[PDB]
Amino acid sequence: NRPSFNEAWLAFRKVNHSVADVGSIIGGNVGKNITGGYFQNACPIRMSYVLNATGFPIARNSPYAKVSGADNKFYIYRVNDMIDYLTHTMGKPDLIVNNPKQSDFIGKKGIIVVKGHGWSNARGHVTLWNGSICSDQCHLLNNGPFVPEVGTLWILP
């Protein structure tokens, strides 16, 4: 099945900080790579933390690049990999929206993926959505320079 919405939202908050702080929190190889500056986009690491924390851990042998935390659990560090991981583990999406706007997702909650153009470091973003706002809205820099092409929601119960 799937992480409960409430547990996922709680866990996300624990890592809704700067990438430096995320490294301190998670430690292990996650921390080492963050200290070294190799990881700067916390997006997939926060989603990995959510899965690990809610009883749906990323398997060691999942076909995606990952590093261990101090918890000896595994953290995917590429956005594209996190997106593909969810596609292959979460079952059928509940909503798929072409040219999405936030208003299209009102009233439903869970894990949201948006793919689009305009960002120089990624093809998209993966986060939690509570029916009104994203869990990292506080970091969401921007009608911004990012133009969403497709938005996908997996409902969390």
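In this text, residue numbers run from 1 along the sequence as written.
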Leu141 left out of the model in a third or more of other PDB entries: yes
Our gap detector needs a label for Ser18 to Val19. Which class matches the unmodelled residues of the deposited sequence there: none, 1 to 3, 4 to 9, or 10 or more? none
Mean Cα B-factor comparison, 102 to 110 or 40 to 48, giving the higher one as deposited: 102 to 110
Per the PDB record, is the mean Cα temperature factor higher over 124 to 132 or over 54 to 62? 54 to 62
How does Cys138 rank on Cα B-factor within its chain, lowest, middle or highest third? highest
Chain-relative CA temperature factor third for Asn1: highest
Among modelled residues of the same chain, the CA temperature factor third for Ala70: highest
Thinking about Cα B factors across the chain, which third does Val147 belong to? highest
